[PDB]
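Asker: I'd like to ask some things about the structure below.
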Number of protein chains: 2
Amino acid sequence: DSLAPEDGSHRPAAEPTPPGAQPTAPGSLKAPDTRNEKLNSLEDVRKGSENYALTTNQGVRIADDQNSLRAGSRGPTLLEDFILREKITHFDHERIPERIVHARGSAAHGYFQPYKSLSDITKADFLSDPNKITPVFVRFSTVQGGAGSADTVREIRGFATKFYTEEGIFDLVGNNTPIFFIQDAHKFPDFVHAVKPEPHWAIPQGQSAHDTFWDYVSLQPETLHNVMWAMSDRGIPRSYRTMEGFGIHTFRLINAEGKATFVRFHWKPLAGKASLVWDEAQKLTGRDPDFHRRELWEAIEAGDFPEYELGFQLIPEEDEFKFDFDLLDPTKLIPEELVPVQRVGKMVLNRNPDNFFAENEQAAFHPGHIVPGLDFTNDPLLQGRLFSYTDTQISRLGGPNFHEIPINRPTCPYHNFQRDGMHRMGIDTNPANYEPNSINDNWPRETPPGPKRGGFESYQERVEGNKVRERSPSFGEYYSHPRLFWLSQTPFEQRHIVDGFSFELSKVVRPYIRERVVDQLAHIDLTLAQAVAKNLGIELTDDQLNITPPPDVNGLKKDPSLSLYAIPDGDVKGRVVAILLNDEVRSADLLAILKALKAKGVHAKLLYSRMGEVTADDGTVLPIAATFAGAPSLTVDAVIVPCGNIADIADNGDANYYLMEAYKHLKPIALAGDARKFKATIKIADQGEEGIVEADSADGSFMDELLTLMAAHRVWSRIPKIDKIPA
Amino acid sequence: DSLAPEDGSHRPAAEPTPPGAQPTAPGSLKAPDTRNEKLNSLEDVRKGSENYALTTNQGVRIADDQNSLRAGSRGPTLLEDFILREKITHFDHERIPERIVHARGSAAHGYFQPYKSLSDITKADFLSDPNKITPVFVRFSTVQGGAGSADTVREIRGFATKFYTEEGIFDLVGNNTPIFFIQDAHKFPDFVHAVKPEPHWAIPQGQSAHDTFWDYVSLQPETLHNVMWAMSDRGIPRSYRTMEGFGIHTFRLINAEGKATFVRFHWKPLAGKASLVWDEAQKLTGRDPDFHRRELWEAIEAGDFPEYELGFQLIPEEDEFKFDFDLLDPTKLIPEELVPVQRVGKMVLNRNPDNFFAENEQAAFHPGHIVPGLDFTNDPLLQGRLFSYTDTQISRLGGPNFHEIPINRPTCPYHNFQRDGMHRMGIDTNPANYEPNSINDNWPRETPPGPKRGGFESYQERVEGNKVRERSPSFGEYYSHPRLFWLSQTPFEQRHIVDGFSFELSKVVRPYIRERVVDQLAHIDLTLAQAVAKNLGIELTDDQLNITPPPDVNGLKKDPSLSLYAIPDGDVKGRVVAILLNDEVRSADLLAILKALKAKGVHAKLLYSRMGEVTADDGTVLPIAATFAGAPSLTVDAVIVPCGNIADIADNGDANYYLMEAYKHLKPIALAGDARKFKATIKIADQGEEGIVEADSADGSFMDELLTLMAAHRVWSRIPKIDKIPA
Ligand code: HDD
Ligand code: HDD
């Protein structure tokens, strides 16, 4: 019975459409022509539905899926109802353990290709030829929260890429900041337990704003560098498309000659760097907890494919000890002013998955999954990570056959003597399950290392030392990198770092922990230490005021690539504007607005005080995407109010509040004709203000001004004006 | 090392303390003297820590828990480091599958006691004597969201009680509304899949405001009754302490003489019925996603023990068919005007757990766990539930020995012939593992049914009919219950219902689904259907305007017990007030305010624009709990502003917005002396308005008037005035 509408409006058109224009759908139905070797190889397990009978898992057609079998229509359910028991049994066992960390994440399929051959520095096959494409599957995530927690929390973000290469899977499992909080993997459980919800009551979710986190940080100054990055606006990215990615550790590249080059991996967002502001980010965790998940999915459905440039910081082996920090310490970054990022290739995410659980939830990434041409280093954090990502999926994915789950399967050949395990799919026909064997003439056989298609051989690094549980003395410096980061931020980014620390330490119940953290900031920078202390009602002592600042990092007093905004990198394609309608919209304003937005690939959402439709002055029927309250200004990049019958919305509380929230969060606002009467709500300027576009009508010049503001992301000059506004 | 502060301020006093006064802590350290039989029985597994050496799990003392074992202090980590591998292995497998539904939940320990013996109607031992105390463990929950989702979502809430009786565990697994969405358990996976995050992208979390939910609802009219309850303010409770609890299904009580009485279970909140308003609840999911978990835990630490009265609706076997609805249909409630709730006993929750994972996450409740004196009925939703809750713990809790996990163990004797299974703890010494046996003289033995301490025997209900997969025709009525609920609500409750439907349908992307739900609403009540249609820009057709309304339920046109607020049941103890400080508070106002609140058990939180302290006019040093942005008005029940230097915060945007937010959400606000200058922020007349307390000082009747407002919970008369207001 219950069937599709006559008009076919239940199903999304299979073509690129702007956010909200059609219901979202599984990738293979939304973009059936988008393919790559990995996506094609998943065809053996994709299951359709249209035109097929409803059955049990054993293939028996079901006649009545609305009722249990009972003795009489008001009688007891019978144990012989196997249809009911299979159905409820499968439901009863749907859930698998979520990831220990990074349980909340969003993923997509795409492809990668190098700009030129890197055969002089690496024999890795996926980087050997500019016209050789490698399928990828990428998962972005938060760290602390559960799989059902919110997206726009303040936290480091994960950025994991699975490269399905011809010589094996390579997983590049990184984060959105260039360093980690801790130095040795043995402390991982301590750090993670300290940031996770506290053990007695399991509070708080997705937040480092609580006593145990700041207690750990206060006792472990090695954490201060990554804590600086988390308290800055880097901890609240606007989108997964607008953040950087880093492998953090120094790895090695190995060429066909056997030469090792130290390398740090980078991803540069071709959409530019952009972050929310705290009040915005926190409120958005409640208005739309799935904001980043949704935004990535919709950008891909709209054709705004997330694009990232892979880059390498390369250090010759003979320069291992030439910096004033250890290259193997993951709490230290390598300034781009000392070692530039060489561009390597481009990654494009162009298709969403079909089933989130099957492809995203069960995907398994692991930094140990390297290929010939790559190798590790002794970084003590990376060294212990190698143990954990294989170990954890024995419970998470139920066994050692996790490489047979469709999303994890290599697309290149895989043959060996491993057998059995839970849910074994592969049926081995080799007469032998051991080597050396004569009964199958020793196949499959080992392969000597070589320039291409060779077996994996570890670089023969020289090891000299006693068996010790000891931190290297070279890792014992905790304040110079934090300071380099601080001085490289713009004045408004510095204020937001101060505000992040102040907000988080205000939620620490035990005051001495706050004091201890303030003492640590005084070892980094006294201006920062004093601004935080002032917000906590703390007075620095005379000793604290005399702590000597840490040395500069190799002579650097700042490095602009550490800042999100110092060097302009705005890109408006894929951004979104809210357009506040009225019941008699001036169609000439809307025409000019939409045309200019379209030309720069910026989307719009038409909002009103009710759903349904409104009719413009020329009879155009305008469908409403959402109400003012239903899609708050938190969800858009700018707000435009066209003329028409402004009296209709002039006294609307939500419409006025929409503009006050956008104003507070530093977003560009554009007001045309009678819409300029809303300037009184945002109680400011009469001759106009930088950041507020106004004109008798919406024209080419009005739209050019708005789009120029949007390319600079936010109106930072308005900061001084927002803390009086009651919003 | 000896890291704690010498003043001993790292540790919370072991005595009842108001919310925010000390750091929260494990139940047994916070209230060591609070005991019960179950709490005492868990002492065999409680583990301390103070003064013990740090070890491996095998008991080997660890010397250096800061580093991995490596060859050289900058060398590679060695595989022989078993201390590192055990510690990371345990971390790597910490997580277990979350509950399929009700994954988000907060729990506590308590006790129950009947008011009088109920031996005339049931032989259940826990109900046989007013001096028999039964330990309980209660878990409150949401339904759709994961364990890391937010508390204050719009949804039904779970209310599960484990009764540790002398004759077995009895689990009463109910919800906060008296009916469920569906009639037969076979449809549980369809209904749950429709409400859970959609399968392609796993959005949205914690929300029924999406297409698949409303699609299923539109095609299955049996769901309308519980959907009405969810769309009302019942869907957003202020606290687990202020909501009702229901078993939903008709069960049986069996007495010693073998007589069966039909029974429906109720829990009445002794703190009264109270809910939030949608904008507040939604925003509170961002500002504090753990608000309910937090409020429960803090209530117990403050001595505001959650108290509930167990009540029974009792219906004689001969009256089975005397109502307009089927007693076994879980989508129908039994109006209290037809069958009163008989008061049975009281439950008091008075201790938090020690470890959330061990006691809360691993607890297993199942409605099939009944005891002699209780029995089931043929309700087709309850019949299928009996299969699911034993089945699901085979994956959730790892095996069939889940009754051996400490929190789940019976406190009464358990002996049988069951053996082995994963994680087996009990070591059986019986020579036999089968019966009948002669080798252990048939022990343990079967026990005949009897008045007390007898074996379980099912009531011999007559069963007659053919084996059919058929819904009883008596369940085919879907609109009279929804209509009875609607007519029982106050006018402001009806508006909140209209708003709930309107908001949720506005997030449904496919317009025809909105239209189809509106058509179902037209079968319930025309006023409701017109108001929702108007908010969606939908016009009812002439056919919809003439749909005849469903009949009354057994002659009733309303039942005030269905309303949260029609009949005042206000209780201020355990509520909390925000007090907005300034840098020279009139100490006389604060003395009056705080002492009046304390005499009624109402908590306070002193807020300011920074942390630390402020000094009152007389030199009193005032400790600040949180900033205005740090502890938003969403978290309190009322706001009071004392006189003093009001110029200090008069122009603070946050302080003004604090009042605008509380005013919008209908909370009582009290302004003393010069604090009346904030009247212009919320546009209050010179003469004043009901809901705003104002005077020259906080003396005389100022606090009594504020407390009277708190007793009515919210200022419903202000709704028309908030309509506008930009907040
Ligand atoms: C020693 C243990 C340990 C340490 C020191 C780290 N982590 Fe890790 N991480 C794990 C133990 C692990 C894990 C327990 O193995 C996880 C969750 C389960 C999973 O499959 O892998 C994981 C997941 C995980 C993910 C999610 C992959 C996904 O999307 O499935 C990413 C992005 C990171 N980690 C990144 C980092 C980076 C950049 C680190 C430091 C530089 C780091 N991890 C240190
Ligand atoms: C046939 C399946 C089925 C049906 C029809 C119901 N549920 Fe259920 N529910 C389960 C399948 C289940 C479950 C899969 O077995 C769960 C989840 C995990 C668990 O242990 O139990 C569960 C958990 C569960 C919880 C959580 C207990 C805790 O806190 O752990 C409560 C409060 C409810 N349910 C209440 C209800 C009520 C009042 C129902 C209708 C009257 C309902 N359920 C119908």
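Note that chain A is numbered according to Swiss-Prot, with residues 27-753 shown in order.
Structure determined by X-ray crystallography, 1.8 Å.
Every residue gets a Cβ built from N, Cα and C, even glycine.
Sharing the feature lines straight out of Swiss-Prot:
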ACT_SITE  A:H128  active site
ACT_SITE  A:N201  active site
BINDING   A:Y415  heme binding site
REGION    A:459-493  region 'Disordered'
Asker: Over the span of the region 'Disordered' (A:459-493), count residues by DSSP class, listing helix, strand and coil in order.
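Answerer: When I sort the residues of the region 'Disordered' (A:459-493) into the three classes, I find 0 helix, 1 strand, 34 coil.
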Asker: Counting only residues 6+ apart in the same chain, whose Cβ is under 8 Å from the Cβ of A:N201 (active site)?
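Answerer: Expected: A:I182, A:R183, A:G184, A:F185, A:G271, A:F272, A:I274.
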Asker: Long-range same-chain neighbours of A:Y415 (heme binding site), Cβ under 8 Å, sequence gap at least 6?
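Answerer: Expected: A:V199, A:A390, A:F391, A:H392, A:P393, A:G394.
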Asker: Does DSSP give A:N201 (active site) helix, strand or coil?
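Answerer: For A:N201 (active site) - judged by DSSP and reduced to three states - the answer is strand.
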Asker: So, in DSSP terms, is A:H128 (active site) helix, strand, or coil?
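Answerer: Its secondary structure by DSSP: coil.
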Asker: Under DSSP, is A:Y415 (heme binding site) part of a helix or a strand, or is it coil?
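Answerer: In three-state terms, A:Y415 (heme binding site) counts as helix.
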Asker: Going along the chain, which residues six or more apart from A:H128 (active site) have their CB under 8 A from its CB?
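Answerer: Non-local contacts for A:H128 (active site): A:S167, A:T168, A:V169, A:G184, A:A186.
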